[PDB]
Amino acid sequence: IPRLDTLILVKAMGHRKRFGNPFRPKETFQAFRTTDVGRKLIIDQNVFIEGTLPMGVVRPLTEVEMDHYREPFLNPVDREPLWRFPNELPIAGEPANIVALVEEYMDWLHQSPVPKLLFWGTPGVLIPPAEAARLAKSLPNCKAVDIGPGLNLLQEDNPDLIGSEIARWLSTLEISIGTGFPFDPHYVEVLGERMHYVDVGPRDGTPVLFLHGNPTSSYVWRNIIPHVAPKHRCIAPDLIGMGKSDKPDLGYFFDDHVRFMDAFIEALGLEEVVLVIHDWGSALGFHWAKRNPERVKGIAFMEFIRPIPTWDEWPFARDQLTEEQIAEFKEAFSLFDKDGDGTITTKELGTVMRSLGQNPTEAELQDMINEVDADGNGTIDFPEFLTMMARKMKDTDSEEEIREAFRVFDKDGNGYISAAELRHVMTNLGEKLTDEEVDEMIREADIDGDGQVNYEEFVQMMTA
């Protein structure tokens, strides 16, 4: 005798007219990180440049801008860094090496006196406003500046404020929207390759080194550097494999970029520097700062890498069901609440359970309610129903959960879902499938072609 949530899942499968997980959220960075899929998206279809990048800017990028970002990646074979980077992000404790190194620099950062300037935007991507506020407290000598609306490339939403702020914070330290890229291209020899960098401003003094992330280049700093360059040397390199730098055949792991950026800094002869860093540029910068803390006179940062403990969070899912989701959940609630009073009782659950062929006792039905009732009055109202389904939607994925869903379809328990069973189960859960839809739902899953759906075949649809 199943859980209520299992019946709502089975109902949502018949609403889609297909076997398979009906709630899978698309998710997106998870696909970037799954073998074969991620590569088809970022390498073959260029999704990181064409979808992801524009979605990191509140204002629309103009075509002229899009073309600057696209340029290094025109050839599909040159896209390895775009795909390796998101597979290096420290999420849910993986990869372990990058999580460790990132935690060690965040620790160093919490104990370091180095002056800090944190830019943040609403709603952010890597650094939600709640996280921005917590850091502006906990990190020493940290000034936080609100840029207004902002996702990831805060530079592209409010360059004038970021630039002017950096120019101001720079004079408090002890140290000596355009689409064009004026800057003269410089190159330097690094580990047998040539890396491109912008190098403007006076020759003397403490330089300001700007570090971009994925999928950008020194281009992202174009409207910030003119605020700083009157007073300080501005060095803005293009990461190896990126912008106008050479593209050796590398796997483009964080540790490759660590080596190229260390050798960049040494090939320039740089001593003490101010860092201005963003996204993977922030991981490089902070990791370098931790290793060379006497050489760093200040860090300005934004939208930086920190460990993201779980996939359930303010970048990768919201806590906010859509309106269509609520409406579909309202129809599911109505199937149970047959009298329309807004509460599901044991009798009502018994009515549905007897219509599916089963014969639950009172105590079984009470317990089915005890699984969902969040206040103790012994009936289910729609907000508890939605609580139940918000959770069901994250993991329809157990194995136990899959077997339990299979059981509701396989009404006689013989290990096969027949066409007759499908129609009876869908009708009694209020889905009204035509013959062509029933045959087609079965046909999609029925790999051996016996007209039935066995366990292995159902598991294959549910985990695809």
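From 1 onward, residues are counted along the sequence shown.
According to the PDB entry, the deposited sequence contains 10 or more residues between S176 and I177 that lack coordinates. Here 23-31 and 47-55 are compared by their mean Cα B-factor, and 23-31 comes out higher. For the two regions 261-269 and 162-170, the entry's Cα B-factors average higher over 162-170. Highest C-alpha temperature factor among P383, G241, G180, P293 per the entry: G180. Among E404, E431, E421, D36, the highest C-alpha B-factor in the deposited entry belongs to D36. Per-chain ranking of the deposited C-alpha B factor places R443 in the highest third. When the modelled residues of the chain are ordered by C-alpha B-factor, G415 sits in the lowest third. Among all modelled residues in its chain, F286 ranks in the lowest third by Cα B-factor. When all modelled residues of the chain are sorted by CA temperature factor, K231 is found within the highest third. Sort the chain's modelled residues by C-alpha temperature factor and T206 lands in the highest third, per the entry.
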